[PDB]
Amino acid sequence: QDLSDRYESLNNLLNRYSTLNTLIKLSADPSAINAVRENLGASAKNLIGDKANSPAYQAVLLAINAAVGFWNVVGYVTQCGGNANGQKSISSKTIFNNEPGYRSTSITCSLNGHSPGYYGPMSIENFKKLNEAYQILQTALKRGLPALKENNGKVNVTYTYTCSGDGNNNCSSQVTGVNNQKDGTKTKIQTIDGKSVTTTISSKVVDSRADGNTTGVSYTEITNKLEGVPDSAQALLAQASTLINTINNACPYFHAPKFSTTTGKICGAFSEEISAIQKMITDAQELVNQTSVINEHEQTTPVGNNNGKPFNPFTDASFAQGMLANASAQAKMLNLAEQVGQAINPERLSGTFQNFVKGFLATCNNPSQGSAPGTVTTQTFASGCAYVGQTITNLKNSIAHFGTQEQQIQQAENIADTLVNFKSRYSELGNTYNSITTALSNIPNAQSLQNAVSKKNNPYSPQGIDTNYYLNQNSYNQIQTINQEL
């Protein structure tokens, strides 16, 4: 029906006009602009300062927890071994402590006679990288991640591994840097995400014939102590990225609710899962990058002239570019947070990926009130043990409860946009008036509805707003009825 598409289009334009009219009025009133600025500063505080209630916080935590939890699921089946520099070995057993091994709190790398590499055992050089990122993330998680505003917190992280078997060179002087492998230390300054961290490495050899040594073989124990490791969102996301990308780059052989595939290469059988976790990390990294835009454009100073001069939007609005940047960056943090959520939420997935997330990644086999984050037990293997299911919930609920601020963010965006482009938006209001005036002349027997909009010149405006635009409410209500009837 022609006449019905007419009335619909007219109703929609009248609504548009009315909203644009209001936006122009708001943008010329410092008391309204100040209330919206105050709201914008308070939402920024919430996003960057809060934890439980911040979708930004929840999204970062979720990206990190997914990467740790992915390793706790698949680590026990992933093959590793060999000697230094990625060389095959004859009899090298290298054990990494506080790792989610098969019925163990260590992972044993003991694949002899095959060269490490793609579709083979992970090299010890790569396992070391993976294990250091893992231990940093688990220590940080156990203690609790700080609010996004707190970018200078520090944590100390200690871990140990052992080497046994004839010819194992993975704990030798040359590899570790100690003066003496039997009883030795080395301290250095290590760079972690651009920060200087003090690293202490210690080496000792435990003889098969030493007291308390119930293994009956002799072995080297390496301890690594990192002091002052950054625990910012940015830094922890970089560790998560190293964890996942090391797994992907090494693409190791594995052999094993059950997995869809029980032998293969990790980057093949778990490619869908890796894909999601890389995207989650990357979106969280971009979310955290918005923080500096928000922090650069503070909303604390009231606007308008403080001496007597009426506010002129054409000339008194140089704050608006900062306000638009702030509001847009908050909008973007919200959108990205939701994208991190949607990548992993089992409600949105199907097939083997849904099963991987519900039956493995989002559960914890640890005995209990649940175990604390960052805990590795002899049962961890095959389950995420990283609060993944609860963090998915907490991210959903923080986004739904951020609706108040989400509206305030949009209001600030619209108003700062209008200010930045005031001449052009004021001109669009007039062009929307012209389009309406045209549509009204092309509806039949509508002689009485021609007043639906009107305007008046005001050459005296102290604000340069020389045309006042009006909506006749009776004509509008009549038009709204006709349109409902079709």
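From 1 onward, residues are counted along the sequence shown.
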property: Gap size between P257 and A256, counted in deposited residues that the entry leaves unmodelled; result: 4 to 9
property: Unmodelled stretch of the deposited sequence separating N307 from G308, binned as none, 1 to 3, 4 to 9 or 10 or more; result: none
property: Higher-B stretch (mean Cα B-factor, as the entry records it), 69 to 77 or 115 to 123; result: 115 to 123
property: Between 182 to 190 and 403 to 411 (mean CA B-factor, as deposited), the higher; result: 182 to 190
property: Which of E273, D166, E286, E132 ranks first by CA B-factor in the deposited coordinates; result: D166
property: Candidate residues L40, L419, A452, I64, the one whose C-alpha B factor the record puts highest; result: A452
property: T432 - which third its CA temperature factor falls in, relative to the rest of the chain; result: middle
property: Chain third (lowest, middle, highest) by recorded CA B-factor, residue given as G49; result: middle
property: Position of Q58 among the chain's modelled residues by C-alpha B-factor, lowest, middle or highest third; result: lowest
property: Third assignment of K456 from its chain's C-alpha B-factors; result: highest
property: Third of the chain, ranked by Cα B-factor, where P373 sits; result: highest
